[PDB]
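my_file36.pdb follows (PDB, C-alpha atoms):
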ATOM      1  CA  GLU A   1     105.370  98.209  67.516  1.00  0.00           C
ATOM      2  CA  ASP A   2     106.082  99.485  71.114  1.00  0.00           C
ATOM      3  CA  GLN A   3     104.374 102.988  71.145  1.00  0.00           C
ATOM      4  CA  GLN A   4     101.829 101.757  73.813  1.00  0.00           C
ATOM      5  CA  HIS A   5     104.672 100.151  75.876  1.00  0.00           C
ATOM      6  CA  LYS A   6     106.610 103.476  75.528  1.00  0.00           C
ATOM      7  CA  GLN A   7     103.461 105.401  76.776  1.00  0.00           C
ATOM      8  CA  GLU A   8     102.828 102.994  79.752  1.00  0.00           C
ATOM      9  CA  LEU A   9     106.579 103.050  80.646  1.00  0.00           C
ATOM     10  CA  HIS A  10     106.575 106.937  80.341  1.00  0.00           C
ATOM     11  CA  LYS A  11     103.606 106.931  82.832  1.00  0.00           C
ATOM     12  CA  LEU A  12     105.224 104.290  85.141  1.00  0.00           C
ATOM     13  CA  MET A  13     108.415 106.496  85.130  1.00  0.00           C
ATOM     14  CA  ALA A  14     106.390 109.407  86.649  1.00  0.00           C
ATOM     15  CA  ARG A  15     105.052 107.035  89.390  1.00  0.00           C
ATOM     16  CA  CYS A  16     108.453 105.426  90.137  1.00  0.00           C
ATOM     17  CA  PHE A  17     110.414 108.727  90.459  1.00  0.00           C
ATOM     18  CA  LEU A  18     107.509 110.263  92.479  1.00  0.00           C
ATOM     19  CA  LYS A  19     107.557 107.097  94.695  1.00  0.00           C
ATOM     20  CA  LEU A  20     111.335 107.556  95.321  1.00  0.00           C
ATOM     21  CA  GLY A  21     110.572 111.255  96.114  1.00  0.00           C
ATOM     22  CA  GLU A  22     107.903 110.233  98.653  1.00  0.00           C
ATOM     23  CA  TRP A  23     109.730 107.143 100.023  1.00  0.00           C
ATOM     24  CA  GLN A  24     113.040 109.078 100.499  1.00  0.00           C
ATOM     25  CA  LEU A  25     111.513 111.490 103.035  1.00  0.00           C
ATOM     26  CA  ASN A  26     109.781 108.370 104.545  1.00  0.00           C
ATOM     27  CA  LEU A  27     113.143 106.467 104.853  1.00  0.00           C
ATOM     28  CA  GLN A  28     115.363 109.283 106.351  1.00  0.00           C
ATOM     29  CA  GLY A  29     113.244 112.449 106.949  1.00  0.00           C
ATOM     30  CA  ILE A  30     115.014 115.786 106.153  1.00  0.00           C
ATOM     31  CA  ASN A  31     118.477 117.363 105.725  1.00  0.00           C
ATOM     32  CA  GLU A  32     120.006 119.644 102.981  1.00  0.00           C
ATOM     33  CA  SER A  33     120.240 116.725 100.438  1.00  0.00           C
ATOM     34  CA  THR A  34     116.364 116.906 100.273  1.00  0.00           C
ATOM     35  CA  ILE A  35     116.490 120.008  97.977  1.00  0.00           C
ATOM     36  CA  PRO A  36     118.273 117.991  95.189  1.00  0.00           C
ATOM     37  CA  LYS A  37     116.514 114.620  95.954  1.00  0.00           C
ATOM     38  CA  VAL A  38     112.930 116.066  95.890  1.00  0.00           C
ATOM     39  CA  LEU A  39     113.400 118.741  93.188  1.00  0.00           C
ATOM     40  CA  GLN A  40     114.881 115.909  91.055  1.00  0.00           C
ATOM     41  CA  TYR A  41     112.462 113.030  91.850  1.00  0.00           C
ATOM     42  CA  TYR A  42     109.234 115.122  91.584  1.00  0.00           C
ATOM     43  CA  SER A  43     110.325 117.419  88.643  1.00  0.00           C
ATOM     44  CA  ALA A  44     111.738 114.202  86.978  1.00  0.00           C
ATOM     45  CA  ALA A  45     108.267 112.675  87.585  1.00  0.00           C
ATOM     46  CA  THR A  46     106.824 115.921  86.058  1.00  0.00           C
ATOM     47  CA  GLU A  47     109.230 115.445  83.044  1.00  0.00           C
ATOM     48  CA  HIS A  48     106.837 112.698  81.809  1.00  0.00           C
ATOM     49  CA  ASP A  49     103.479 114.297  82.809  1.00  0.00           C
ATOM     50  CA  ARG A  50     101.866 117.665  83.838  1.00  0.00           C
ATOM     51  CA  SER A  51      98.194 116.911  82.781  1.00  0.00           C
ATOM     52  CA  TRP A  52      98.069 113.943  85.255  1.00  0.00           C
ATOM     53  CA  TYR A  53      96.566 116.071  88.086  1.00  0.00           C
ATOM     54  CA  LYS A  54      97.972 113.941  90.967  1.00  0.00           C
ATOM     55  CA  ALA A  55     101.566 113.702  89.563  1.00  0.00           C
ATOM     56  CA  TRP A  56     101.954 117.511  89.031  1.00  0.00           C
ATOM     57  CA  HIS A  57      99.794 118.499  92.085  1.00  0.00           C
ATOM     58  CA  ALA A  58     102.225 116.367  94.231  1.00  0.00           C
ATOM     59  CA  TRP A  59     105.307 118.175  92.708  1.00  0.00           C
ATOM     60  CA  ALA A  60     103.470 121.559  93.120  1.00  0.00           C
ATOM     61  CA  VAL A  61     102.908 120.576  96.806  1.00  0.00           C
ATOM     62  CA  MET A  62     106.598 119.563  96.889  1.00  0.00           C
ATOM     63  CA  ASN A  63     107.419 123.066  95.476  1.00  0.00           C
ATOM     64  CA  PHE A  64     105.400 124.446  98.422  1.00  0.00           C
ATOM     65  CA  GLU A  65     107.525 122.061 100.608  1.00  0.00           C
ATOM     66  CA  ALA A  66     110.848 123.230  98.979  1.00  0.00           C
ATOM     67  CA  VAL A  67     109.428 126.749  99.653  1.00  0.00           C
ATOM     68  CA  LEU A  68     108.894 125.423 103.232  1.00  0.00           C
ATOM     69  CA  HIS A  69     112.549 124.104 103.393  1.00  0.00           C
ATOM     70  CA  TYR A  70     113.509 127.823 102.900  1.00  0.00           C
ATOM     71  CA  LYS A  71     110.677 129.054 105.204  1.00  0.00           C
ATOM     72  CA  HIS A  72     112.372 126.596 107.676  1.00  0.00           C
ATOM     73  CA  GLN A  73     115.730 128.325 106.766  1.00  0.00           C
ATOM     74  CA  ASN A  74     114.241 131.725 107.851  1.00  0.00           C
ATOM     75  CA  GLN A  75     112.331 130.174 110.813  1.00  0.00           C
ATOM     76  CA  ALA A  76     115.100 127.824 112.088  1.00  0.00           C
ATOM     77  CA  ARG A  77     118.607 127.795 110.395  1.00  0.00           C
ATOM     78  CA  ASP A  78     118.822 131.656 110.447  1.00  0.00           C
ATOM     79  CA  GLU A  79     117.282 132.053 113.983  1.00  0.00           C
ATOM     80  CA  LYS A  80     117.998 128.939 116.233  1.00  0.00           C
TER      81      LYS A  80
END
Turn this file's structure into structure tokens for me.
Amino acid sequence: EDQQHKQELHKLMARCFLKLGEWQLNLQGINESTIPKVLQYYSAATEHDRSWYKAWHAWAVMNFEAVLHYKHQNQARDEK
């Protein structure tokens, strides 16, 4: 009696966590709390969906960006 509502809410969950994951960097930029905030919001978005190209592709990009938070460790924190 709510399987469709469950599915649409499961999909909306991916969007809403991904939106926090985007919006967070948009509202404050970057410090070391990004690693938890992004790995959470975008993997938590991924928790619902992988086959939705955009939703995973955006977390995969964010995994490249979490990679780049540690490239930035090598390039800046370890060398400034």
ask   = residue 69 of chain A: which residues within 10 Å, counting all atoms listed in the file, same-chain residues fewer than 6 positions away excluded, as a list in words?
value = residues 30, 31, 32, 34, 35, 62, 63, 75, 76 and 77 of chain A
Could those selected residues go to a file with C-alpha atoms, as a compact mmCIF listing (two decimals), in the frame of the given file?
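The new file out.txt reads:
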# COMPACT_ATOMS: atom_id res chain seq x y z
CA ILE A 30 115.01 115.79 106.15
CA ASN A 31 118.48 117.36 105.72
CA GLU A 32 120.01 119.64 102.98
CA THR A 34 116.36 116.91 100.27
CA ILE A 35 116.49 120.01 97.98
CA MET A 62 106.60 119.56 96.89
CA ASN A 63 107.42 123.07 95.48
CA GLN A 75 112.33 130.17 110.81
CA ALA A 76 115.10 127.82 112.09
CA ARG A 77 118.61 127.80 110.40
query = Distance atom CA of residue 48 of chain A-atom CA of residue 71 of chain A, one decimal place?
reply = 28.8 Å
ask   = Just so the selection is clear, what residues does the PyMOL selection byres ((chain A and resi 13) around 12) cover here, as a VMD selection string?
value = chain A and resid 5 to 12 14 to 20 41 to 49 55
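Taking atom CA of residue 56 of chain A and atom CA of residue 27 of chain A as endpoints, the distance between them is 22.3 Å.
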inquiry  = Report, in Å to a single decimal, how far apart atom CA of residue 66 of chain A and atom CA of residue 50 of chain A are.
reply    =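 Computing the Euclidean distance for atom CA of residue 50 of chain A and atom CA of residue 66 of chain A yields 18.5 Å.
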